[PDB]
Amino acid sequence: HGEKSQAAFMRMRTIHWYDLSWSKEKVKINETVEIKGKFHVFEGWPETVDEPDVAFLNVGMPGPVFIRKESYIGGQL
Amino acid sequence: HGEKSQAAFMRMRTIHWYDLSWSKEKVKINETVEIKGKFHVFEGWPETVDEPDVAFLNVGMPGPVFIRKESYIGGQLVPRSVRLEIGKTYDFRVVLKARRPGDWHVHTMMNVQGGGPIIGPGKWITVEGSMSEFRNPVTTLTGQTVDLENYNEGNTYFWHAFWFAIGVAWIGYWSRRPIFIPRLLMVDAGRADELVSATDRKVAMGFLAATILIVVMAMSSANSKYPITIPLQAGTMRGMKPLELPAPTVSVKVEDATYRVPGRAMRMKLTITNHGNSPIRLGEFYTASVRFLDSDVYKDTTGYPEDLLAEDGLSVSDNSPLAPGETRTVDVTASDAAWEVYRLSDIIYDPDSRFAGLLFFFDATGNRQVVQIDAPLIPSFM
Amino acid sequence: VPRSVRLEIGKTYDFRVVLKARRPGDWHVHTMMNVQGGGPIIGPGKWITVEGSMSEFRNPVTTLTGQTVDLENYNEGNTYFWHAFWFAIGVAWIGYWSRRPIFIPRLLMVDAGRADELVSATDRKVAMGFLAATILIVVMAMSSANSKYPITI
Amino acid sequence: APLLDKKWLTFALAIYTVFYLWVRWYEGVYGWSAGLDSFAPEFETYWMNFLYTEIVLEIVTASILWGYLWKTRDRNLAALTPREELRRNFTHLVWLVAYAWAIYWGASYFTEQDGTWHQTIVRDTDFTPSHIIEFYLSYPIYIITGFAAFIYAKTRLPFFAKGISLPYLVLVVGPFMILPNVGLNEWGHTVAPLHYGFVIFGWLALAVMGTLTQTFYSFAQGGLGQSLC
Amino acid sequence: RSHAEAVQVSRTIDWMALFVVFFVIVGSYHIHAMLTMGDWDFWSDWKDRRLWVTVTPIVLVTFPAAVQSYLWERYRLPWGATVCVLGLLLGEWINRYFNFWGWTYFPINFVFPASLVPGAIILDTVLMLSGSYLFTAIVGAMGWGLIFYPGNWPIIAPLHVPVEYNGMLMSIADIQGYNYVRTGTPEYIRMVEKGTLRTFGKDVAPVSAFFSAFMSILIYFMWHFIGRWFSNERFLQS
Amino acid sequence: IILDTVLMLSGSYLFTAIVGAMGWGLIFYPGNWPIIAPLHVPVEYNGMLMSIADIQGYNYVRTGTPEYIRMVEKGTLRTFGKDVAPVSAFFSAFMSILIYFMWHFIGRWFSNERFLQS
Ligand SMILES: [Cu+2]
Ligand SMILES: [Cu+2]
Ligand SMILES: [Cu+2]
Ligand SMILES: [Cu+2]
Ligand SMILES: [Cu+2]
């Protein structure tokens, strides 16, 4: 809910998410869902966006409707 | 026309233009000249110049005496800025079209965000004909063919003249009545109401309404006449292809770099080691736009500028064929008047007295290897 | 490396520092790397004992002009001479006006409207002479310094 | 004798226009032929000689004009016939016209002619033909005209001789400080801040709004006022 | 001294004073505008939707505000902003036809300046009709900032036509700037819209304009007080 | 002494703020050159070209100030070789004409004599 209004070139030439997999589509109030996958930082990065030298793996949700128990990039938390 | 006054260390240690070739030296008012070649962004880039992260392949000419039809860095068209990498050789090709008749000094140049201009060698090109014969046609995606020299010249004149006439009429309406001095006298006298009448208010309201209506109607008409428009395209291209040059089989170590400064000459001592399987001879030394040649080893056929070409400038004490696997130390002297003319001696005035350059080694069969020299430069006064 | 340097995050480099001893005592010497955005990075330190007298220290260098100079006493007479000369000129300029009555009756006469009687033509002539002499001395000193040291970088 | 002396206004307009047109023609013909290379002998022959001669001539003309204007100061100003005061006010307004025209030619035409030169050459030398004509020719010309107008106002008009007019002093001083700015222009080169000094001191020209007002009041002091009812 | 001919003396003085005001305004306004926003006016490569409409109207309230204050307060002359706009346009056009095209031979349709008259008459009418400097400083400044881009669009629209140049999508203004080589200004100096991850596609041209309008409401007001300072008449004694 | 003489002879704070400040900015480097010239002698130290002042700073180790803190001339692609020393001086002169003037008014504020009652 916020990507339909971003520059359709930024969206194309920033990161290339793929091989994604969501464990479940119906959890309960104390259950966990795992979102695995891989991303490719494009080589022709836009120039009005600074390089991913300070990035953060966030989750896009309508407020704390879920809590990030753990987030790993490469095996490390 | 602007390189003779740049720091002779910046000029030496920024970019190393080579293998350049200018197609013609006499074009006509609608003909094209191609400036091909290769550049090597030096690894020891100056530190008061930002890295070539935002660069641009420009052409150095006295105003639009030629138009850049196309400019390519690596095979791809670069109509925008570019990101280059400190240490790589790239290939470049500029196709220009001639506008004005005369003898012009055209130079390739690289503009860098943090340092400014880096000017390469320049060549004299003669253009014959008449400027009125120049035409620049393009074909738009909408299906219209337009000449860029006279396109949108009537519209701009029309609208600017219309707005200027409106402003002049607005001023002249009030200029028909008495102006500054009795107006000031009546204002100071407390008669601030008698100067403005209801007719003036009505005229002002009409002017404001007409201005707003005219602007809106003109915008609507322009939108209708040109329904398909795109925003202004600006960006920096990151993925430029560098040249994958084989690793040189020659190694040169500089032991002493000395230049006299009542002088036109430069001296270095080089320890040269050959790792290739062919005998090798040093044929050329490249410094900041100046090529010092040796007539025995290598001759020039590309047509380099006369003022920058030293046919016999390079003198090597022991320029015998260097056997494979052998190391030897030689004294190399590069002497030409271009050292004085192009103010490479003013390195005496520079805060960083280090020099960089390219050596070219030619084997017996004709193969050529490029080696880089980077060393401090020492003046000799006695 | 008599200047700054660019290092790469992740590489091993080799370093060698040759120092010459000046002062006698037991000193804690450490190698260190100074970085533009972080400041000092101090390595291990070692205790070194220096024996002798400080007056025996000599630092000779040989310039490209052909002169051999000791850096500890080089250009010590010239700096003292010029700074003392300029200080003496300034002191004389102040003392010229300090020979006459100073702040308080001057303020009383200024408040009384007598702003012209305080400055005479002799003071104007002295000031003009001082200005002309200062400019001439500066120009002549610069010319003499250029002649004495024609080769500078 | 007519109240306004037409020949002097015509002379001022004509001399300024003719001299600046000749300078533009010289630039158009020789700047392309010799002014492109700053190390060529033709550059010294046609442009540096121009700079030296122009500097000496400007100093001589400024000194002579200021000296002649000061040496003819009206020693007694109470014995002036009001008609003579009106004539002197007209002459001062002609001086203001000349100063305005010089300001136009200096800060509006050649300053942008020089913007034109920079998007056609690579570097900003201290003595490009545009700088020779703009920094050292036109700016001193309008500075000389402004200072001469101020001196004329002080030593020949009864209203302006009663003190130093703050708007007039600002109008003749600020526009001048743009000249000293050059140093920062060069120090910066060696829409950008390196140029915000010309902006600041260009504003002080707006001080004309004050000065002109004083001028009008002088015209009203004689008798024009009551007659204009 | 006069005899019912004062009328003539007035008329004459008026003409000379009009000349002086007009040309001093020309010089000062032109040097200021060129020295602040000159690079956007110089080239059609810089007439974009983000920074052109942001910078140009914000910078150009400075002299109209002061001249409007002086000419309204003392003479009830409402042409304060229009004369500044006309003088700036005249200076830019004279230099462009005689130096950009006459000297360096850049084409006219490539170096044309921006149009400012409709907003100037808007501001002058707003000040005259309401007679309030605060109502003007708000409403007229906002309108001045808003009307800038619609006023220039009829001149700019034919240059923004899509084209495929050597395989890459460009506009006609971009091709003009690319073909006609300016050795002084590379492409990267262009302070034009480049797009961001927070920029909304079709909302750049309006929003920026509105920003300009708001800033005008500030700058005008400030410069109004500056216009009340240069309009002094004090005689310092030293 | 240049500034003081300029103020006394003309008796004008504006003429001083222009001419004397410009002269003050211009005379700074010629005044120091006789002291500085012998330190700017070329030398070849361990194969690299240096000045005597540079060797002094390199030899005499200051743990607090590394070399990179030195706000010294380093050269640019827009810098003209022999025109750095004069132009910079002129820049200084111009800025003096500003700062002096401003501080003059500050000098007129600290010279007050008011007695606040709280
Ligand atoms: Cu969503
Ligand atoms: Cu990818
Ligand atoms: Cu050239
Ligand atoms: Cu290289
Ligand atoms: Cu310039």
# chains A, B, ... in the order shown; residues from 1 in each chain; ligands from 1
>>> residues_around(residues="segment 102-108 of chain F", least_positions_apart="4", cutoff="10 Å", atoms="only C-alpha atoms", output="PDB file with C-alpha atoms, in the first residue's frame")
ATOM      1  CA  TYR F  13      35.391  56.078   8.529  1.00  0.00           C
ATOM      2  CA  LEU F  14      33.983  55.141   5.110  1.00  0.00           C
ATOM      3  CA  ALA F  17      36.665  51.157   5.588  1.00  0.00           C
ATOM      4  CA  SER F  96      37.993  43.347   4.881  1.00  0.00           C
ATOM      5  CA  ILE F  97      36.085  46.276   3.375  1.00  0.00           C
ATOM      6  CA  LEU F  98      32.972  44.462   4.552  1.00  0.00           C
ATOM      7  CA  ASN F 112      27.792  53.116  25.210  1.00  0.00           C
TER       8      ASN F 112
END
>>> select_by_dssp(residues="segment 11-190 of chain E", states="helix (DSSP H, G or I)", output="NGL selection string")
:E and (11-42 or 51-59 or 62-73 or 80-100 or 108-111 or 117-130 or 133-146 or 148-159 or 172-179 or 187-189)
>>> closest_residue(among="D:63, D:72, D:211, D:190", to="chain B", atoms="only C-alpha atoms")
D:190
>>> residues_near_ligand(ligand="ligand 2", cutoff="6 Å", atoms="only C-alpha atoms and all ligand atoms", output="PyMOL selection string")
chain A and resi 15-16+40-42
>>> write_last_selection(atoms="C-alpha atoms", output="short mmCIF file (atom, residue, chain, number, x, y, z; two decimals), in the first residue's frame")
data_model
loop_
_atom_site.label_atom_id
_atom_site.label_comp_id
_atom_site.auth_asym_id
_atom_site.auth_seq_id
_atom_site.Cartn_x
_atom_site.Cartn_y
_atom_site.Cartn_z
CA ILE A 15 15.96 -3.90 -6.13
CA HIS A 16 14.80 -7.10 -7.95
CA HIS A 40 19.43 -8.34 -6.43
CA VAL A 41 20.57 -4.71 -5.93
CA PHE A 42 20.54 -3.57 -9.64
#
>>> select_by_dssp(residues="chain C", states="strand (DSSP E or B)", output="list in words")
residues 25, 26, 27, 28, 29, 30, 31, 32, 33, 34, 35, 39, 40, 41, 42, 43, 44, 45, 46, 47, 48, 49, 50, 60, 61, 62, 68, 69 and 70 of chain C
>>> write_last_selection(atoms="N, CA and C atoms", output="CSV table (one decimal), in the first residue's frame")
chain,number,residue,atom,x,y,z
C,25,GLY,N,65.4,11.0,28.1
C,25,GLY,CA,64.4,10.6,29.1
C,25,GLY,C,63.8,9.3,28.7
C,26,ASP,N,62.8,8.8,29.5
C,26,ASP,CA,62.1,7.6,29.1
C,26,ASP,C,60.8,7.9,28.5
C,27,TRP,N,60.6,7.6,27.2
C,27,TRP,CA,59.4,8.1,26.5
C,27,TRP,C,58.5,6.9,26.0
C,28,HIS,N,57.2,7.1,25.9
C,28,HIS,CA,56.2,6.1,25.4
C,28,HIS,C,55.9,6.4,24.0
C,29,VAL,N,56.6,5.7,23.0
C,29,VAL,CA,56.4,5.9,21.6
C,29,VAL,C,55.4,4.9,21.0
C,30,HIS,N,54.4,5.4,20.3
C,30,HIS,CA,53.4,4.4,19.7
C,30,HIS,C,53.1,4.8,18.2
C,31,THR,N,52.9,3.8,17.4
C,31,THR,CA,52.6,4.1,16.0
C,31,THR,C,51.1,4.4,16.1
C,32,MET,N,50.6,5.3,15.2
C,32,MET,CA,49.2,5.6,15.1
C,32,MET,C,48.7,6.0,13.7
C,33,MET,N,47.5,5.7,13.4
C,33,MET,CA,46.9,6.1,12.2
C,33,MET,C,45.8,7.1,12.4
C,34,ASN,N,45.9,8.3,11.8
C,34,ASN,CA,44.9,9.3,11.9
C,34,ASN,C,44.0,9.3,10.7
C,35,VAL,N,42.7,9.3,10.9
C,35,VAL,CA,41.7,9.1,9.9
C,35,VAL,C,40.8,10.4,9.9
C,39,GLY,N,39.4,10.2,13.6
C,39,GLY,CA,40.4,10.7,14.5
C,39,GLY,C,41.5,9.7,14.7
C,40,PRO,N,42.0,9.6,15.9
C,40,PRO,CA,43.2,8.8,16.1
C,40,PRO,C,42.9,7.3,16.4
C,41,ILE,N,43.8,6.5,15.8
C,41,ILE,CA,43.8,5.0,16.1
C,41,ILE,C,45.2,4.7,16.6
C,42,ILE,N,45.3,4.4,17.9
C,42,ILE,CA,46.6,4.3,18.5
C,42,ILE,C,47.0,2.8,18.6
C,43,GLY,N,48.2,2.5,18.2
C,43,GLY,CA,48.7,1.1,18.3
C,43,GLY,C,49.5,0.9,19.6
C,44,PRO,N,50.1,-0.3,19.7
C,44,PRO,CA,50.9,-0.6,21.0
C,44,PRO,C,52.0,0.4,21.1
C,45,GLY,N,52.4,0.7,22.4
C,45,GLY,CA,53.4,1.6,22.8
C,45,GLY,C,54.6,0.9,23.5
C,46,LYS,N,55.7,1.5,23.3
C,46,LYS,CA,57.0,0.9,23.9
C,46,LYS,C,57.7,2.0,24.6
C,47,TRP,N,58.4,1.7,25.6
C,47,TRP,CA,59.2,2.6,26.4
C,47,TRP,C,60.7,2.6,25.9
C,48,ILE,N,61.1,3.8,25.5
C,48,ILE,CA,62.5,4.0,24.9
C,48,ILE,C,63.2,5.0,25.8
C,49,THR,N,64.5,4.7,26.1
C,49,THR,CA,65.3,5.5,26.9
C,49,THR,C,66.3,6.2,26.0
C,50,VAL,N,66.4,7.6,26.2
C,50,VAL,CA,67.3,8.4,25.4
C,50,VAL,C,68.3,9.0,26.4
C,60,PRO,N,70.7,18.2,10.1
C,60,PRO,CA,71.2,18.8,8.8
C,60,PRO,C,70.4,18.3,7.6
C,61,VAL,N,70.1,19.3,6.7
C,61,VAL,CA,69.6,18.9,5.4
C,61,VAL,C,70.3,19.7,4.3
C,62,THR,N,70.2,19.2,3.1
C,62,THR,CA,70.9,19.8,1.9
C,62,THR,C,69.9,20.2,0.9
C,68,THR,N,73.7,23.7,2.8
C,68,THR,CA,73.5,22.7,3.9
C,68,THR,C,73.1,23.5,5.2
C,69,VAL,N,71.9,23.2,5.7
C,69,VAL,CA,71.4,24.0,6.8
C,69,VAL,C,70.9,23.1,7.9
C,70,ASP,N,71.1,23.5,9.1
C,70,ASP,CA,70.6,22.8,10.3
C,70,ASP,C,69.2,23.4,10.7
>>> interface_residues(of="chain F", to="chain B", cutoff="9 Å", atoms="only C-alpha atoms", output="PDB file with N, CA, C and O atoms, in the first residue's frame")
ATOM      1  N   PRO F  42      63.349  24.754  -2.338  1.00  0.00           N
ATOM      2  CA  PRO F  42      63.131  23.379  -2.805  1.00  0.00           C
ATOM      3  C   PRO F  42      64.183  22.428  -2.258  1.00  0.00           C
ATOM      4  O   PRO F  42      65.332  22.808  -2.022  1.00  0.00           O
ATOM      5  N   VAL F  43      63.775  21.176  -2.064  1.00  0.00           N
ATOM      6  CA  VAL F  43      64.647  20.150  -1.517  1.00  0.00           C
ATOM      7  C   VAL F  43      64.158  18.786  -1.984  1.00  0.00           C
ATOM      8  O   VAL F  43      62.973  18.593  -2.274  1.00  0.00           O
ATOM      9  N   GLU F  44      65.089  17.843  -2.083  1.00  0.00           N
ATOM     10  CA  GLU F  44      64.776  16.464  -2.440  1.00  0.00           C
ATOM     11  C   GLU F  44      64.983  15.598  -1.203  1.00  0.00           C
ATOM     12  O   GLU F  44      66.115  15.236  -0.874  1.00  0.00           O
ATOM     13  N   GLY F  47      63.877  11.197  -2.105  1.00  0.00           N
ATOM     14  CA  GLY F  47      63.330  11.015  -3.429  1.00  0.00           C
ATOM     15  C   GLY F  47      62.112  11.850  -3.756  1.00  0.00           C
ATOM     16  O   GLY F  47      61.681  11.852  -4.915  1.00  0.00           O
ATOM     17  N   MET F  48      61.538  12.558  -2.787  1.00  0.00           N
ATOM     18  CA  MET F  48      60.347  13.355  -3.033  1.00  0.00           C
ATOM     19  C   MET F  48      60.649  14.839  -2.867  1.00  0.00           C
ATOM     20  O   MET F  48      61.408  15.241  -1.983  1.00  0.00           O
ATOM     21  N   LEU F  49      60.053  15.657  -3.732  1.00  0.00           N
ATOM     22  CA  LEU F  49      60.268  17.098  -3.672  1.00  0.00           C
ATOM     23  C   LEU F  49      59.472  17.703  -2.526  1.00  0.00           C
ATOM     24  O   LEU F  49      58.271  17.449  -2.389  1.00  0.00           O
ATOM     25  N   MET F  50      60.141  18.511  -1.707  1.00  0.00           N
ATOM     26  CA  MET F  50      59.533  19.148  -0.550  1.00  0.00           C
ATOM     27  C   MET F  50      60.101  20.546  -0.363  1.00  0.00           C
ATOM     28  O   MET F  50      61.068  20.940  -1.023  1.00  0.00           O
ATOM     29  N   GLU F  73      46.827  25.215   0.395  1.00  0.00           N
ATOM     30  CA  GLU F  73      46.572  25.087  -1.033  1.00  0.00           C
ATOM     31  C   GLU F  73      46.931  23.681  -1.495  1.00  0.00           C
ATOM     32  O   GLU F  73      48.009  23.169  -1.176  1.00  0.00           O
ATOM     33  N   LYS F  74      46.030  23.057  -2.248  1.00  0.00           N
ATOM     34  CA  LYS F  74      46.265  21.734  -2.805  1.00  0.00           C
ATOM     35  C   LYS F  74      46.167  21.714  -4.323  1.00  0.00           C
ATOM     36  O   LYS F  74      46.555  20.718  -4.942  1.00  0.00           O
ATOM     37  N   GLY F  75      45.668  22.784  -4.937  1.00  0.00           N
ATOM     38  CA  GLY F  75      45.551  22.848  -6.380  1.00  0.00           C
ATOM     39  C   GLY F  75      44.265  22.239  -6.897  1.00  0.00           C
ATOM     40  O   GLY F  75      43.803  21.218  -6.379  1.00  0.00           O
ATOM     41  N   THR F  76      43.672  22.862  -7.908  1.00  0.00           N
ATOM     42  CA  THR F  76      42.457  22.387  -8.554  1.00  0.00           C
ATOM     43  C   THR F  76      42.614  22.478 -10.069  1.00  0.00           C
ATOM     44  O   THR F  76      43.610  22.995 -10.585  1.00  0.00           O
ATOM     45  N   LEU F  77      41.617  21.962 -10.787  1.00  0.00           N
ATOM     46  CA  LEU F  77      41.594  22.053 -12.242  1.00  0.00           C
ATOM     47  C   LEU F  77      41.177  23.428 -12.738  1.00  0.00           C
ATOM     48  O   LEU F  77      41.294  23.698 -13.938  1.00  0.00           O
ATOM     49  N   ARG F  78      40.689  24.295 -11.851  1.00  0.00           N
ATOM     50  CA  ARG F  78      40.374  25.673 -12.190  1.00  0.00           C
ATOM     51  C   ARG F  78      41.401  26.666 -11.666  1.00  0.00           C
ATOM     52  O   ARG F  78      41.287  27.859 -11.963  1.00  0.00           O
ATOM     53  N   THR F  79      42.388  26.211 -10.900  1.00  0.00           N
ATOM     54  CA  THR F  79      43.370  27.092 -10.283  1.00  0.00           C
ATOM     55  C   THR F  79      44.472  27.407 -11.286  1.00  0.00           C
ATOM     56  O   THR F  79      45.048  26.498 -11.890  1.00  0.00           O
ATOM     57  N   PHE F  80      44.759  28.695 -11.463  1.00  0.00           N
ATOM     58  CA  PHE F  80      45.845  29.130 -12.332  1.00  0.00           C
ATOM     59  C   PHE F  80      47.117  29.234 -11.497  1.00  0.00           C
ATOM     60  O   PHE F  80      47.094  29.770 -10.385  1.00  0.00           O
ATOM     61  N   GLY F  81      48.219  28.713 -12.030  1.00  0.00           N
ATOM     62  CA  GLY F  81      49.456  28.541 -11.290  1.00  0.00           C
ATOM     63  C   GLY F  81      49.982  29.747 -10.536  1.00  0.00           C
ATOM     64  O   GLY F  81      50.025  29.739  -9.303  1.00  0.00           O
ATOM     65  N   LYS F  82      50.391  30.788 -11.261  1.00  0.00           N
ATOM     66  CA  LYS F  82      51.045  31.926 -10.630  1.00  0.00           C
ATOM     67  C   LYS F  82      50.067  32.985 -10.137  1.00  0.00           C
ATOM     68  O   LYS F  82      50.507  33.991  -9.572  1.00  0.00           O
TER      69      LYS F  82
END
>>> residues_near_ligand(ligand="ligand 5", cutoff="9 Å", atoms="only C-alpha atoms and all ligand atoms", output="VMD selection string")
chain D and resid 111 to 118 124 to 131 134 to 135 185
>>> atom_distance(atom1="atom CA of residue 100 of chain E", atom2="atom CA of residue 112 of chain E")
9.6 Å
>>> residues_around(residues="residue 237 of chain B", least_positions_apart="5", cutoff="9 Å", atoms="only C-alpha atoms", output="PyMOL selection string")
(chain A and resi 44-47) or (chain B and resi 54+78+80-83)
>>> write_last_selection(atoms="N, CA, C and O atoms", output="PDB file, in the first residue's frame")
ATOM      1  N   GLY A  44      22.691  -0.691 -12.302  1.00  0.00           N
ATOM      2  CA  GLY A  44      22.382   0.671 -12.778  1.00  0.00           C
ATOM      3  C   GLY A  44      21.468   1.385 -11.806  1.00  0.00           C
ATOM      4  O   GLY A  44      20.432   1.906 -12.244  1.00  0.00           O
ATOM      5  N   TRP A  45      21.837   1.403 -10.529  1.00  0.00           N
ATOM      6  CA  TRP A  45      21.045   2.070  -9.474  1.00  0.00           C
ATOM      7  C   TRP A  45      20.651   3.460  -9.921  1.00  0.00           C
ATOM      8  O   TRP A  45      21.477   4.134 -10.553  1.00  0.00           O
ATOM      9  N   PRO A  46      19.435   3.945  -9.610  1.00  0.00           N
ATOM     10  CA  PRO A  46      19.082   5.320  -9.907  1.00  0.00           C
ATOM     11  C   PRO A  46      20.098   6.267  -9.303  1.00  0.00           C
ATOM     12  O   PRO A  46      20.805   5.885  -8.363  1.00  0.00           O
ATOM     13  N   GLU A  47      20.154   7.507  -9.782  1.00  0.00           N
ATOM     14  CA  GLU A  47      21.209   8.441  -9.313  1.00  0.00           C
ATOM     15  C   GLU A  47      20.652   9.449  -8.303  1.00  0.00           C
ATOM     16  O   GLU A  47      21.463  10.132  -7.654  1.00  0.00           O
TER      17      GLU A  47
ATOM     18  N   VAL B  54      30.361  11.395 -11.675  1.00  0.00           N
ATOM     19  CA  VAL B  54      29.393  12.079 -12.580  1.00  0.00           C
ATOM     20  C   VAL B  54      30.236  12.810 -13.632  1.00  0.00           C
ATOM     21  O   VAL B  54      30.677  13.929 -13.345  1.00  0.00           O
ATOM     22  N   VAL B  78      25.787   8.220 -25.162  1.00  0.00           N
ATOM     23  CA  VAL B  78      25.790   8.887 -23.835  1.00  0.00           C
ATOM     24  C   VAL B  78      25.251  10.314 -23.993  1.00  0.00           C
ATOM     25  O   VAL B  78      26.072  11.251 -24.015  1.00  0.00           O
ATOM     26  N   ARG B  80      23.718  11.779 -21.816  1.00  0.00           N
ATOM     27  CA  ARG B  80      23.552  12.228 -20.417  1.00  0.00           C
ATOM     28  C   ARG B  80      24.901  12.147 -19.703  1.00  0.00           C
ATOM     29  O   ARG B  80      25.929  12.023 -20.387  1.00  0.00           O
ATOM     30  N   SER B  81      24.885  12.226 -18.376  1.00  0.00           N
ATOM     31  CA  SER B  81      26.139  12.142 -17.597  1.00  0.00           C
ATOM     32  C   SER B  81      26.522  10.667 -17.467  1.00  0.00           C
ATOM     33  O   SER B  81      25.756   9.828 -17.951  1.00  0.00           O
ATOM     34  N   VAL B  82      27.665  10.364 -16.860  1.00  0.00           N
ATOM     35  CA  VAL B  82      28.121   8.950 -16.813  1.00  0.00           C
ATOM     36  C   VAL B  82      28.943   8.722 -15.544  1.00  0.00           C
ATOM     37  O   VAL B  82      29.452   9.703 -14.998  1.00  0.00           O
ATOM     38  N   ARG B  83      29.041   7.474 -15.092  1.00  0.00           N
ATOM     39  CA  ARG B  83      29.900   7.154 -13.930  1.00  0.00           C
ATOM     40  C   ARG B  83      31.093   6.351 -14.449  1.00  0.00           C
ATOM     41  O   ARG B  83      30.867   5.266 -15.014  1.00  0.00           O
TER      42      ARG B  83
END
